[PDB]
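Peer 1: Just so you know, the sequences run in chain order 1 and 2. Residue 3 is where the first sequence starts when you use the authors' numbering, and the numbers rise one by one after that. Residue 1 is where the second sequence starts when you use the authors' numbering, and the numbers rise one by one after that.
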Amino acid sequence: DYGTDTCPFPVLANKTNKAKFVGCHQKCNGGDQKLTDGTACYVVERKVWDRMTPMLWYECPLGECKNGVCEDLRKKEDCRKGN
Amino acid sequence: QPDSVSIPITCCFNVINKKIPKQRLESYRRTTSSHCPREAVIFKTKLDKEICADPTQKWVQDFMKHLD
């Protein structure tokens, strides 16, 4: 009823404070929310995201979304999580 | 220092298709394109479920105005 793809999606942000999404898929109102292919993402399992300390600089791996998966682009950057 | 910028924990990727019935709506929060990839408004329902909405749609501006 609220759509299966209108939930807010977890992010992280690098030194520019501009956010990128964490992973490429989540459950949304009991459905499967999938980000478009090519979207930049952090290759980070969600249970990890959920247990991170806000504002701590972490070494986050980057990737792009493909068919609901954050495919590792083999490069890294420091990122941090909101409060 | 310790940095005092506020970083969002979630951003919106897609928004709702039709206006939400007012009787459901409980709260809102606004997502800045300064940090999020696209600016959006996040309504929170009486069941504490969160819905992404387009800040340019007329009905959003009415409702978030309603909630003040």
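Cβ coordinates follow ideal geometry from the N, Cα and C atoms, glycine included.
Under a Cβ-count criterion, where at least 16 other Cβ atoms within 10 Å of its own Cβ denotes burial, should residue 7 (chain 1) be classed as buried or exposed?
Peer 2: That one is buried.
Peer 1: In the DSSP assignment, find the unbroken beta strand (DSSP E) run with residue 49 (chain 1) in it and report its ends.
Peer 2: From DSSP, residue 49 (chain 1) is part of no beta strand (DSSP E) but of the alpha helix (DSSP H) over 48-53.
Peer 1: Figure out for me which residue from 45 (chain 2), 28 (chain 2), 46 (chain 2) has the closest Cα to the Cα of residue 55 (chain 2).
Peer 2: Looking at the Cα atoms, 28 (chain 2) is the closest of the given residues.
Peer 1: Go ahead and label residue 23 (chain 2) buried or exposed: buried means 16 or more other beta carbons lie within 10 angstroms of its beta carbon, across all protein chains shown.
Peer 2: It is exposed - the Cβ of residue 23 (chain 2) has fewer than 16 other Cβ atoms within 10 Å.
Peer 1: Does DSSP classify residue 24 (chain 2) as helix, strand or coil?
Peer 2: The answer is helix: DSSP assigns residue 24 (chain 2) an H, G or I state.
Peer 1: To be precise: take each residue of the region 4-20 of chain 2, compare its Cβ to all Cβ atoms of chain 1, and keep it if any distance is under 9 Å. Which residues remain?
Peer 2: Of all residues in the region 4-20 of chain 2, 5, 6, 7, 8, 9, 10, 11, 12, 13, 14, 15, 16, 17, 20 have a Cβ within less than 9 Å of some Cβ in chain 1.
Peer 1: Any Cβ of chain 2 within less than 9 Å of the Cβ of residue 64 (chain 1)?
Peer 2: No, no contact with chain 2.
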